[PDB]
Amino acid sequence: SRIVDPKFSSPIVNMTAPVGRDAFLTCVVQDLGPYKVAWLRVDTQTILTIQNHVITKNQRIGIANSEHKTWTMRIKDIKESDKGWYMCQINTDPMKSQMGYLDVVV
């Protein structure tokens, strides 16, 4: 039995934030179902989170969701090196994703 793919309800909300403040990036998914939402950093090619699990060893990354639709990654105490592109990816076949950015102003 085939099920619908999840669909993104809105584009990724980007964030601009000063060094040392906390940053958030949010992905809004409709009809997630049995699929999973993963955050990745695109510059560094690094897996950050999958569902409610932080994969990276970086202790400043957190992840939370409400109703499996709004998925918000937290980057605690941001440094200048956190500036870059971040992907919200769903494990459909083919894979679907959208990208946002965190800008760290100096």
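Start at 1 with the first residue shown and count on from there.
*Asks:* For the C-alpha atoms alone, is the average B factor greater in 37-45 or in 75-83, going by the entry?
*Replies:* In the deposited entry, the stretch with the higher C-alpha B-factor mean is 75-83.
*Asks:* Splitting the chain's C-alpha B-factors into thirds, which one does residue 91 fall into?
*Replies:* Its C-alpha B-factor belongs to the lowest third of this chain's values.
*Asks:* Among all modelled residues of this chain, ranked by Cα B factor, put residue 51 in the bottom, middle or top third, i.e. lowest, middle or highest.
*Replies:* Tercile = lowest for this residue's CA B-factor.
*Asks:* Which third of the chain does residue 97 land in by C-alpha B-factor: lowest, middle or highest?
*Replies:* It belongs to the lowest third of the chain when residues are ordered by C-alpha B-factor.
*Asks:* Going by the entry, which third of its chain does the Cα temperature factor of residue 26 land in?
*Replies:* Answer is middle: the recorded C-alpha B-factor places it there.
*Asks:* Looking at the entry's B-factor column for C-alpha atoms only, identify whether residue 65 ranks in the lowest, middle or highest third of its chain.
*Replies:* Ranked within chain, residue 65 CA B lands in the middle tercile.
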